[PDB]
């Protein structure tokens, strides 16, 4: 129940005020029950070399990558370690982390408010849910509404919770009921909250 780790490579060559920056990425992708590995080596914002496991060996992204792709691709003992990752570290950590991640389901909270002053909007604010995937829908006297509907992008709170806002432009006639409905995996059943337009 310890997380798994790869070491980045140590290139040969170690053989506004000034600032230099080196970045690395070791990314695991998980498409329907599978595992793809990318190892990336970046100098100030510039990816210059990368190991993609689909590809199977090093690919210089930039001419700064040549001294690396050429050296390392004659070095098979290293090239195999990168080849084994998708089914060691990637798969280890994926299923290890699962029950608090993939299985992590935190329920949305829902609030509905006007916005007539300052058109005529209604605001469905949905807060404090995980994961990002969600669906927010608007209903007028039972009928779904596509028109006049603006949903924000999905907002990331930075603390493992998202929020989203979906507004609807409207013009209440008389006995009108507007309903906002939310579909999210954390919920056995979609949640609704209403505005009576008496």
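Residue numbers count along the first chain shown, from 1.
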| query | finding |
| --- | --- |
| Extent of unmodelled deposited sequence, residue 119 relative to residue 118 | 4 to 9 |
| Chain break class at residue 189/residue 190 - deposited residues not modelled | none |
| Of 154-162 and 141-149, the one with larger mean CA B-factor | 141-149 |
| Entry-level comparison of average CA B-factors, 65-73 and 38-46, reporting the higher stretch | 65-73 |
| Deposited CA B-factor, highest of 78, 96, 90, 100 | 78 |
| Third of chain Cα B-factors occupied by residue 52 | middle |
| Residue 12 - Cα temperature factor, lowest/middle/highest third of chain | highest |
| Third of the chain's Cα B-factor distribution that residue 174 belongs to, per the entry | highest |
| Residue 106 - which third its CA temperature factor falls in, relative to the rest of the chain | lowest |
| Modelled-residue ranking by C-alpha temperature factor, third containing residue 84 | highest |
